[PDB]
Amino acid sequence: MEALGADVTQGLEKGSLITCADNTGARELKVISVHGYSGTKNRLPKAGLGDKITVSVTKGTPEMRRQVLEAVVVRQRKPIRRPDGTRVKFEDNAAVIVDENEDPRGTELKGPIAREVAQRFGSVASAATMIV
Amino acid sequence: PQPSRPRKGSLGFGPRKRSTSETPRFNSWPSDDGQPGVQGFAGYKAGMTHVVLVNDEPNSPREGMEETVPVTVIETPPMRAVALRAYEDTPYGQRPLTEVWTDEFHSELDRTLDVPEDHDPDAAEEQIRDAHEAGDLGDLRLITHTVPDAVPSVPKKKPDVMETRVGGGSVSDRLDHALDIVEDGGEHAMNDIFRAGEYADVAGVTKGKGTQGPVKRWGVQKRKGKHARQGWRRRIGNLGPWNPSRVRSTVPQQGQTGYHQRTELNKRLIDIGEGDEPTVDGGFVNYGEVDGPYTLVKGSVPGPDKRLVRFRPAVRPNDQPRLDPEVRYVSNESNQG
Amino acid sequence: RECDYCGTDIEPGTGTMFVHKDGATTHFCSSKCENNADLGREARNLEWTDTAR
RNA sequence: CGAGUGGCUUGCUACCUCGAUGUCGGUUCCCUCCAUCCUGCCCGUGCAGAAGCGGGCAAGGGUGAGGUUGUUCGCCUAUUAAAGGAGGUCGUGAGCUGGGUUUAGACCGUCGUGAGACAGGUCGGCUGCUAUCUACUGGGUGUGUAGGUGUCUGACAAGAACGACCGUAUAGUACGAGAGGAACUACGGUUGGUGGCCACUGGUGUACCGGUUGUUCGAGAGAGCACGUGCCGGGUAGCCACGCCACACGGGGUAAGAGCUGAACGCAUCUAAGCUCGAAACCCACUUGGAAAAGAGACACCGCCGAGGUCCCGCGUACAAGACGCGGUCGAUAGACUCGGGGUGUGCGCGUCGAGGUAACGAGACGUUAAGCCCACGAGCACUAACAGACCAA
RNA sequence: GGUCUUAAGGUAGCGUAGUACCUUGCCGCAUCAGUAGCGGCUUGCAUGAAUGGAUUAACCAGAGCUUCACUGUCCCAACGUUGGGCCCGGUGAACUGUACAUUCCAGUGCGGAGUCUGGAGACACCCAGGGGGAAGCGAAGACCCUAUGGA
RNA sequence: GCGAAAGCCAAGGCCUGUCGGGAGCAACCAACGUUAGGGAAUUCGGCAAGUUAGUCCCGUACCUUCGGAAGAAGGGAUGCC
RNA sequence: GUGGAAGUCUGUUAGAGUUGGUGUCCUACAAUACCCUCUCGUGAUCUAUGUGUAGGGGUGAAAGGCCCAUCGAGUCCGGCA
Ligand SMILES: [Cl-]
Ligand SMILES: [Cl-]
Ligand SMILES: [K+]
Ligand SMILES: [Mg+2]
Ligand SMILES: [Mg+2]
Ligand SMILES: [Mg+2]
Ligand SMILES: [Mg+2]
Ligand SMILES: [Mg+2]
Ligand SMILES: [Mg+2]
Ligand SMILES: [Mg+2]
Ligand SMILES: [Mg+2]
Ligand SMILES: [Mg+2]
Ligand SMILES: [Mg+2]
Ligand SMILES: [Mg+2]
Ligand SMILES: [Mg+2]
Ligand SMILES: [Mg+2]
Ligand SMILES: [Mg+2]
Ligand SMILES: [Mg+2]
Ligand SMILES: [Mg+2]
Ligand SMILES: [Mg+2]
Ligand SMILES: [Mg+2]
Ligand SMILES: [Mg+2]
Ligand SMILES: [Mg+2]
Ligand SMILES: [Mg+2]
Ligand SMILES: [Mg+2]
Ligand SMILES: [Mg+2]
Ligand SMILES: [Mg+2]
Ligand SMILES: [Mg+2]
Ligand SMILES: [Mg+2]
Ligand SMILES: [Mg+2]
Ligand SMILES: [Mg+2]
Ligand SMILES: [Mg+2]
Ligand SMILES: [Mg+2]
Ligand code: NA
Ligand code: NA
Ligand code: NA
Ligand code: NA
Ligand code: NA
Ligand code: NA
Ligand code: NA
Ligand code: NA
Ligand code: NA
Ligand code: NA
Ligand code: NA
Ligand code: NA
Ligand code: NA
Ligand code: NA
Ligand code: NA
Ligand code: NA
Ligand code: NA
Ligand code: NA
Ligand code: NA
Ligand code: NA
Ligand code: NA
Ligand code: NA
Ligand code: NA
């Protein structure tokens, strides 16, 4: 994919329960797989900010609950590094449900978002209230 | 069916034993392209700090922007090419022919050598040129030594002698270039060989660690789960199959780890200066204060502070030289805190 | 820049930026400040801090 | 239908061991095979393109994570370039595990008059040993080559030191009615592997500083104990990874294949002689080791009554013994002191305030006080200690 | 089949059961995915009434399963603490030993060789290590068969 | 302090759970502390470890043989002067 | 409200027992040990001393358990070379 413009220490794993930063009806997400990723023996597959993960809907409306959708990691508690040296970290781990075209499924994006995510997912970017 | 997995550690840096010489020895040299010149230099590792740089890469979207880059500070005072050794091409490879020395010796070179009292420079020179006429002259390298006395932080005074090669235009011209350098007093500087922005190959003898287990030495796993509580924690599963009935040298075992020679490739020379521009507040931990000829190398360099490290024009660079990078800032913040 | 906690100048090429839930942004110069902050301590109440000085 | 190859399955045999070659499955760690799953280079196509399908060369590298089940096998999910198969005593219990088979207890079903049985199911049910030899990983001491110091050479040896993916431009282009939709090349990043390093982020940090509970030293001050820190908060150096740096291309020769010239055979023919090309595979390149390479190496200088080395002494860029490196008054090697640089977070005492209380008394607040205490780093500094001196050696 | 063996011919219930071979039975719940677990169905290889059947509150170091919480069990390991380990003084065993023995790759052989055959490699001695091999050491195999053996 | 509990300390006893010296003291082992993000992905199985905790106040489901379930669960408080 | 029942509950009170760690040990400290964990703890309770039952016989809330490290028939000597 296109360079994030930031070094990332993946803070998530396959099976990780994160927050769905949108009004889709899905509240809690469960990481299932990481697009384009292949690990190594015994290594639990890792996901970080800026990744397109496959997700399962843990909590939310009966309609969205138990579905398998794609999503983008917008926030993560583990730090990330920027070109100027500074580390950046969030208050939680969060992703935004997305379709085949990488367009957000929902209409509104709750909470802040990382600027680096913009260079990758524009439609998600141009849907954010805050961009840190 | 038991998933595959690359072996633990590389088999290319062995045997994993203690190095023969604390002073590194390059086993390769750059090609004879440009004008006659010495193909290497040396200094002494001091420590690390970060530098703020302007993006030099033309292919980067960030080109021209501020950029924080890790740097290892190395005190690189002038060295002295005390002699010219010529090798001859024999049916068994290259062999040292003769050496052309000088008279002007550094006051403390005898702490290592049996300095020449009676030497015939001309004769050796003649022998070298006669061999050249015969078409048997291999290559030409200069015997060099450092001036640890010039570096206060470094306790040693006993100079580190090492042979560096001279790559020049023609054999006839670089021979002369060599002879000249030597005749004077062999004094030369990092400026003479390098320029900020060029990529160098830094060789050095890594930080020693004594004997270490397979886990640290080869990166094998630790016993996991229940296995970890049985009496085995950091020992591998087995030394090998039933057959062949012997332990193969390729299995990860305990031993000397650290204090090995390593030659890191493509190290960008962020800046070659002089003075105390790079010194950290409170002094470089376990080293001291830097106030003299120095070199700022991008990233890490093998070895501990105070160790001797060697330079060489990258023999296999991937990028094109991007001369004299713009340094907008060099951290002088204390390395304690 | 300046540490949003103690007030000293953040040495360039250092520090962390904690992004808050609401979207707020706090630049810390060190873990010491981040940790005193996590304890609920206000920079104004701690003497060693420039903010207090 | 016919001819075979393999030795993974199953069966057959009864050669080997019953004065015992520890089971299945798993794990961990190492090497290998090719009948190739991916990746490289190719041929055919019912090959427009894109996506495929079938075949050839090829074992360099890769071939991963999970849900049920003891399972091997297999079924299933989501990722993937692909998630290939097989050998090494069905590799691996003087390595681990012990869920299953297969001891002694017990139940259920079936069978039996019964003890009790089951190629039925089920719960419980132990893992011994100080390595003599050999093997290898690393470390030394000697002898050989036949005085010493420093620098090298390179027979050979090891490597995957690099493998793979995604994205952008090319390009909405070639191709195509349209839908759809490539490539050469140039770039940016990711993943896996590898080697090193700690400025930065992170962990540790029973160095250190502060808070505080119980108790003891009469109170105060200041301390001990509470498991090898009472607990809580912060945390330097170092060591680390979760952090940071580096890890080609290009040549040469080939395979499959594409061809040139060309005869046997006037023609034709990539082959028979000859030649031009062409794989992630081979060789070089690069990295690491390597004078014990018995052809036991080369150079330079010093020295054979003196070059050099060992011991001794202060120490570490080194370290399990040994080894290694540096310094030794022609000195900054170590300690003390003083600074600098750091960690804590504002000392004892005193003054004012303090809810109240007649007063006694009083938890606490502010000032003095960026205070007090502390530092595994740096510097200045010969003050103390590197003294004295011994030995060996052509 | 719409009686016959042998007296009767499975009633209440429970049921794929700690009993169900087929079997991972089918449907559902739950999970991304559930040979598990629970519920329903149930023709039950071969359930069933004091050989007790069904049900059931409380109890349980009893067997299986799910959720919240928790966390170095794991990703993937690091640093530290105490006792060892290493070096020195003193004390001071045992196991084991046909002989020889620096081996490695192949071969051969009673078909699982340090010793045979062919090659390769190999200067001697010593220290530390983790245990690949000596079909390592330990026990005249518990398994299986045999004995005109035993209990 | 509820206590014949812990922890600390008297009286009384002891340094005889009877080999020492040295190396910042390496690998490896036994006990153990702390580990960012994730949070059972480990494994036959959460085995091991961890979490919770004392006292008072509020409050408390299905089910039940009416005893129980029940400290269900959940919520709040807690020092000193 | 009183009362204070219980093969009642919590409990390393004393005391008794022995679930997991398949830890430590496994030429042991020990021919059944050590540590943590865990169960009972007013009763069919635990325990000292004395006393009875003897080998095809005892004893047995039954495991073929136990009867002095000896048990699907104790130990000793004899039959016995
Ligand atoms: Cl996955
Ligand atoms: Cl393991
Ligand atoms: K046998
Ligand atoms: Mg695994
Ligand atoms: Mg065990
Ligand atoms: Mg630092
Ligand atoms: Mg800092
Ligand atoms: Mg064996
Ligand atoms: Mg083939
Ligand atoms: Mg291979
Ligand atoms: Mg096997
Ligand atoms: Mg195998
Ligand atoms: Mg074995
Ligand atoms: Mg065993
Ligand atoms: Mg053993
Ligand atoms: Mg078992
Ligand atoms: Mg079982
Ligand atoms: Mg069983
Ligand atoms: Mg203490
Ligand atoms: Mg069922
Ligand atoms: Mg009846
Ligand atoms: Mg032979
Ligand atoms: Mg026998
Ligand atoms: Mg039998
Ligand atoms: Mg009989
Ligand atoms: Mg953690
Ligand atoms: Mg699991
Ligand atoms: Mg698993
Ligand atoms: Mg437990
Ligand atoms: Mg009771
Ligand atoms: Mg109790
Ligand atoms: Mg009695
Ligand atoms: Mg029985
Ligand atoms: Na253990
Ligand atoms: Na053990
Ligand atoms: Na074995
Ligand atoms: Na065959
Ligand atoms: Na067979
Ligand atoms: Na035998
Ligand atoms: Na096995
Ligand atoms: Na291959
Ligand atoms: Na499976
Ligand atoms: Na075997
Ligand atoms: Na096994
Ligand atoms: Na075992
Ligand atoms: Na080639
Ligand atoms: Na030699
Ligand atoms: Na019946
Ligand atoms: Na009971
Ligand atoms: Na731990
Ligand atoms: Na062995
Ligand atoms: Na004594
Ligand atoms: Na009453
Ligand atoms: Na016990
Ligand atoms: Na008897
Ligand atoms: Na007798």
# chains A, B, ... in the order shown; residues from 1 in each chain; ligands from 1
>>> residues_near_ligand(ligand="ligand 52", cutoff="9 Å", atoms="only C-alpha atoms (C1' of nucleotides) and all ligand atoms", output="number ranges by chain")
F: 16, 18-19
>>> residues_near_ligand(ligand="ligand 50", cutoff="10 Å", atoms="only C-alpha atoms (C1' of nucleotides) and all ligand atoms", output="PyMOL selection string")
(chain E and resi 72) or (chain F and resi 32-35+49)
>>> closest_residue(among="D:187, D:371, D:319, D:332", to="residue 25 (chain F)", atoms="only C-alpha atoms (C1' of nucleotides)")
D:319
>>> residues_near_ligand(ligand="ligand 16", cutoff="7 Å", atoms="only C-alpha atoms (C1' of nucleotides) and all ligand atoms", output="PyMOL selection string")
chain D and resi 98-100
>>> residues_around(residues="residue 271 (chain B)", least_positions_apart="2", cutoff="10 Å", atoms="only C-alpha atoms (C1' of nucleotides)", output="PyMOL selection string")
chain B and resi 71+73+194-198+268-269+273-274+294-298+323-327
>>> interface_residues(of="chain C", to="chain B", cutoff="9 Å", atoms="only C-alpha atoms", output="list in words")
residues 11, 12 and 13 of chain C
>>> write_last_selection(atoms="C-alpha atoms", output="tab-separated table (two decimals), in the first residue's frame")
chain	number	residue	atom	x	y	z
C	11	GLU	CA	13.87	18.98	23.31
C	12	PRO	CA	13.18	18.43	19.58
C	13	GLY	CA	12.98	14.80	18.43
>>> residues_near_ligand(ligand="ligand 19", cutoff="12 Å", atoms="only C-alpha atoms (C1' of nucleotides) and all ligand atoms", output="list in words")
residues 206, 224, 225, 226, 227, 228, 229 and 230 of chain D
>>> residues_near_ligand(ligand="ligand 6", cutoff="9 Å", atoms="only C-alpha atoms (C1' of nucleotides) and all ligand atoms", output="VMD selection string")
(chain B and resid 285 334 to 337) or (chain D and resid 198 to 199 236 to 237)
>>> write_last_selection(atoms="N, CA, C and O atoms (P, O5', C5', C4', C3', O3' and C1' of nucleotides)", output="PDB file, in the first residue's frame")
ATOM      1  N   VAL B 285      27.973   9.489  28.261  1.00  0.00           N
ATOM      2  CA  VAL B 285      28.038   8.464  29.299  1.00  0.00           C
ATOM      3  C   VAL B 285      29.085   7.400  28.989  1.00  0.00           C
ATOM      4  O   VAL B 285      29.092   6.833  27.899  1.00  0.00           O
ATOM      5  N   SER B 334      21.653  16.136  27.500  1.00  0.00           N
ATOM      6  CA  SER B 334      22.294  15.111  28.310  1.00  0.00           C
ATOM      7  C   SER B 334      21.741  13.719  28.028  1.00  0.00           C
ATOM      8  O   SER B 334      20.530  13.551  27.853  1.00  0.00           O
ATOM      9  N   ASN B 335      22.633  12.728  27.990  1.00  0.00           N
ATOM     10  CA  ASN B 335      22.235  11.342  27.759  1.00  0.00           C
ATOM     11  C   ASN B 335      21.875  10.641  29.074  1.00  0.00           C
ATOM     12  O   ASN B 335      21.736   9.422  29.130  1.00  0.00           O
ATOM     13  N   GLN B 336      21.730  11.440  30.127  1.00  0.00           N
ATOM     14  CA  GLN B 336      21.342  10.967  31.447  1.00  0.00           C
ATOM     15  C   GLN B 336      20.017  11.652  31.766  1.00  0.00           C
ATOM     16  O   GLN B 336      19.969  12.874  31.852  1.00  0.00           O
ATOM     17  N   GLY B 337      18.952  10.874  31.941  1.00  0.00           N
ATOM     18  CA  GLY B 337      17.654  11.451  32.259  1.00  0.00           C
ATOM     19  C   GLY B 337      16.466  10.780  31.583  1.00  0.00           C
ATOM     20  O   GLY B 337      16.623   9.661  31.039  1.00  0.00           O
TER      21      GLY B 337
ATOM     22  P     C D 198      25.628   1.058  21.737  1.00  0.00           P
ATOM     23  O5'   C D 198      24.540   2.214  21.845  1.00  0.00           O
ATOM     24  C5'   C D 198      23.176   1.915  21.581  1.00  0.00           C
ATOM     25  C4'   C D 198      22.293   3.109  21.820  1.00  0.00           C
ATOM     26  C3'   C D 198      22.117   3.560  23.267  1.00  0.00           C
ATOM     27  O3'   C D 198      21.420   4.822  23.212  1.00  0.00           O
ATOM     28  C1'   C D 198      20.260   2.276  22.606  1.00  0.00           C
ATOM     29  P     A D 199      21.697   5.992  24.298  1.00  0.00           P
ATOM     30  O5'   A D 199      21.050   7.259  23.583  1.00  0.00           O
ATOM     31  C5'   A D 199      21.579   8.577  23.778  1.00  0.00           C
ATOM     32  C4'   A D 199      20.958   9.538  22.792  1.00  0.00           C
ATOM     33  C3'   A D 199      19.445   9.564  22.793  1.00  0.00           C
ATOM     34  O3'   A D 199      18.929  10.358  23.837  1.00  0.00           O
ATOM     35  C1'   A D 199      20.202   9.416  20.567  1.00  0.00           C
ATOM     36  P     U D 236      14.744   6.918  34.187  1.00  0.00           P
ATOM     37  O5'   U D 236      16.184   7.127  34.827  1.00  0.00           O
ATOM     38  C5'   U D 236      16.732   8.445  34.898  1.00  0.00           C
ATOM     39  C4'   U D 236      18.200   8.397  35.211  1.00  0.00           C
ATOM     40  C3'   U D 236      19.034   7.418  34.410  1.00  0.00           C
ATOM     41  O3'   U D 236      19.332   7.946  33.134  1.00  0.00           O
ATOM     42  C1'   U D 236      19.656   7.322  36.685  1.00  0.00           C
ATOM     43  P     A D 237      19.568   6.952  31.903  1.00  0.00           P
ATOM     44  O5'   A D 237      20.891   6.172  32.298  1.00  0.00           O
ATOM     45  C5'   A D 237      22.152   6.845  32.301  1.00  0.00           C
ATOM     46  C4'   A D 237      23.214   5.930  32.841  1.00  0.00           C
ATOM     47  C3'   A D 237      23.379   4.609  32.105  1.00  0.00           C
ATOM     48  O3'   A D 237      24.197   4.771  30.944  1.00  0.00           O
ATOM     49  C1'   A D 237      23.279   4.208  34.431  1.00  0.00           C
TER      50        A D 237
END
>>> select_by_dssp(residues="chain C", states="strand (DSSP E or B)", output="list in words")
residues 2, 9, 16, 17, 18, 19, 25, 26, 27 and 28 of chain C
>>> residues_near_ligand(ligand="ligand 13", cutoff="10 Å", atoms="only C-alpha atoms (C1' of nucleotides) and all ligand atoms", output="PyMOL selection string")
(chain B and resi 238-242) or (chain D and resi 92-95) or (chain E and resi 131-133)
>>> interface_residues(of="chain A", to="chain D", cutoff="12 Å", atoms="only C-alpha atoms (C1' of nucleotides)", output="PyMOL selection string")
chain A and resi 1-11+13-15+30-47+50-56+68-70+78-89+119-120
>>> write_last_selection(atoms="C-alpha atoms", output="PDB file, in the first residue's frame")
ATOM      1  CA  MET A   1       0.000   0.000   0.000  1.00  0.00           C
ATOM      2  CA  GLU A   2       0.896   3.689   0.188  1.00  0.00           C
ATOM      3  CA  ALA A   3       3.451   4.675   2.829  1.00  0.00           C
ATOM      4  CA  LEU A   4       1.835   5.714   6.122  1.00  0.00           C
ATOM      5  CA  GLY A   5       4.468   8.365   6.707  1.00  0.00           C
ATOM      6  CA  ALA A   6       4.819   6.990  10.252  1.00  0.00           C
ATOM      7  CA  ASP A   7       6.438   3.971  11.938  1.00  0.00           C
ATOM      8  CA  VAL A   8       3.889   1.759  13.666  1.00  0.00           C
ATOM      9  CA  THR A   9       4.234  -0.668  16.555  1.00  0.00           C
ATOM     10  CA  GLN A  10       1.144  -2.835  15.998  1.00  0.00           C
ATOM     11  CA  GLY A  11      -0.960  -2.741  19.120  1.00  0.00           C
ATOM     12  CA  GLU A  13      -3.819  -9.010  17.494  1.00  0.00           C
ATOM     13  CA  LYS A  14      -6.215 -11.433  15.829  1.00  0.00           C
ATOM     14  CA  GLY A  15      -8.963 -11.795  18.427  1.00  0.00           C
ATOM     15  CA  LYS A  30     -13.349  -8.235  16.994  1.00  0.00           C
ATOM     16  CA  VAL A  31     -10.230  -8.427  14.812  1.00  0.00           C
ATOM     17  CA  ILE A  32     -10.205 -11.545  12.635  1.00  0.00           C
ATOM     18  CA  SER A  33      -7.480 -11.011  10.034  1.00  0.00           C
ATOM     19  CA  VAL A  34      -5.037  -8.430   8.715  1.00  0.00           C
ATOM     20  CA  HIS A  35      -5.188  -7.719   4.975  1.00  0.00           C
ATOM     21  CA  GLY A  36      -1.927  -8.453   3.136  1.00  0.00           C
ATOM     22  CA  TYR A  37      -0.300  -9.880   6.275  1.00  0.00           C
ATOM     23  CA  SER A  38       1.479 -13.218   6.642  1.00  0.00           C
ATOM     24  CA  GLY A  39       3.203 -14.031   9.927  1.00  0.00           C
ATOM     25  CA  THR A  40       5.606 -16.685  11.150  1.00  0.00           C
ATOM     26  CA  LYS A  41       5.225 -19.858  13.215  1.00  0.00           C
ATOM     27  CA  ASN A  42       3.627 -19.273  16.626  1.00  0.00           C
ATOM     28  CA  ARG A  43       3.242 -15.532  15.959  1.00  0.00           C
ATOM     29  CA  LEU A  44      -0.257 -14.227  16.673  1.00  0.00           C
ATOM     30  CA  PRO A  45      -1.172 -12.022  13.598  1.00  0.00           C
ATOM     31  CA  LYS A  46      -0.647  -8.320  14.381  1.00  0.00           C
ATOM     32  CA  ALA A  47      -2.671  -5.248  13.442  1.00  0.00           C
ATOM     33  CA  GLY A  50      -3.536   2.321   9.314  1.00  0.00           C
ATOM     34  CA  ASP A  51      -4.305  -1.330   8.609  1.00  0.00           C
ATOM     35  CA  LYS A  52      -7.307  -2.771   6.834  1.00  0.00           C
ATOM     36  CA  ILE A  53      -8.501  -5.559   9.083  1.00  0.00           C
ATOM     37  CA  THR A  54     -11.325  -8.082   8.742  1.00  0.00           C
ATOM     38  CA  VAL A  55     -13.772  -7.849  11.592  1.00  0.00           C
ATOM     39  CA  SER A  56     -16.599  -9.586  13.411  1.00  0.00           C
ATOM     40  CA  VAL A  68     -18.137 -10.243   9.121  1.00  0.00           C
ATOM     41  CA  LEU A  69     -17.084  -6.896   7.644  1.00  0.00           C
ATOM     42  CA  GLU A  70     -13.895  -5.082   6.635  1.00  0.00           C
ATOM     43  CA  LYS A  78       0.263   1.684  21.596  1.00  0.00           C
ATOM     44  CA  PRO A  79       2.408   4.624  20.321  1.00  0.00           C
ATOM     45  CA  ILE A  80       3.470   5.341  16.730  1.00  0.00           C
ATOM     46  CA  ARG A  81       6.409   7.431  15.544  1.00  0.00           C
ATOM     47  CA  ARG A  82       6.356  10.467  13.282  1.00  0.00           C
ATOM     48  CA  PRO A  83       9.166  11.764  11.015  1.00  0.00           C
ATOM     49  CA  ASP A  84      10.046  14.463  13.553  1.00  0.00           C
ATOM     50  CA  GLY A  85      10.669  11.844  16.253  1.00  0.00           C
ATOM     51  CA  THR A  86       7.586  12.476  18.411  1.00  0.00           C
ATOM     52  CA  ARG A  87       5.446   9.519  19.488  1.00  0.00           C
ATOM     53  CA  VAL A  88       1.655   9.666  19.201  1.00  0.00           C
ATOM     54  CA  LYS A  89      -0.843   7.542  21.117  1.00  0.00           C
ATOM     55  CA  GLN A 119      -3.051   9.315   2.973  1.00  0.00           C
ATOM     56  CA  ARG A 120      -4.510   5.804   2.734  1.00  0.00           C
TER      57      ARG A 120
END
>>> interface_residues(of="chain B", to="chain F", cutoff="9 Å", atoms="only C-alpha atoms (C1' of nucleotides)", output="number ranges by chain")
B: 209-213, 224-226, 229, 231-235, 254-255
>>> interface_residues(of="chain D", to="chain C", cutoff="7 Å", atoms="only C-alpha atoms (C1' of nucleotides)", output="list in words")
residues 200, 234, 345 and 370 of chain D
>>> residues_near_ligand(ligand="ligand 21", cutoff="12 Å", atoms="only C-alpha atoms (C1' of nucleotides) and all ligand atoms", output="PyMOL selection string")
chain E and resi 11+48-53
